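Encoded as structure tokens, the structure appears first; notes follow it.
Chains as they are written, first to last, in the deposited numbering: chain B, 761 to 815; chain A, 761 to 815.
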């Protein structure tokens, strides 16, 4: 018992935790690409100029 | 008893703790690559300029 319940637990636990990391990959891919489109068409120097304003 | 319950505990304990470190590897790979895409297209000198603003 303590072997075969707890080992099917290991195998399903794999099937679910490569799952949560897959969720993390995909959501962070969307965050990534949509910051990239954000900054690249906002302006490479525009972000510098807007943050360097300290007069 | 105290041998064969506690040694199947060792073997499953392996199967689960190389597991938690595998979870750590994969989640930290996504964190890694998506900071890399972050900084490299944000700008190598942009991060310096935005942090060096102290006027």
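Even for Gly, the Cβ is constructed at its ideal location relative to N, Cα and C.
The beta carbon of residue 764 of chain A sits no closer than 8 Å to any beta carbon of chain B. In the displayed model, residue 794 of chain B falls within a helix according to three-state DSSP. For residue 790 of chain B, no CB of chain A lies under 8 Å from its own CB, so it is not counted at the interface with that chain. Taking a Cβ-Cβ threshold of 7 Å, the residues of chain A close to residue 808 of chain B are 806, 809, 810, in chain order. Within chain A, 797, 801 have C-beta atoms less than 8 Å from the C-beta of residue 796 of chain B, given in sequence order. Taking the beta carbon of residue 779 of chain A as reference, the chain B residues within 9 Å of it are 770, 773, 774, 777, listed in sequence order.
Residue range 806-811 is occupied by the alpha helix (DSSP H) that includes residue 808 of chain A.
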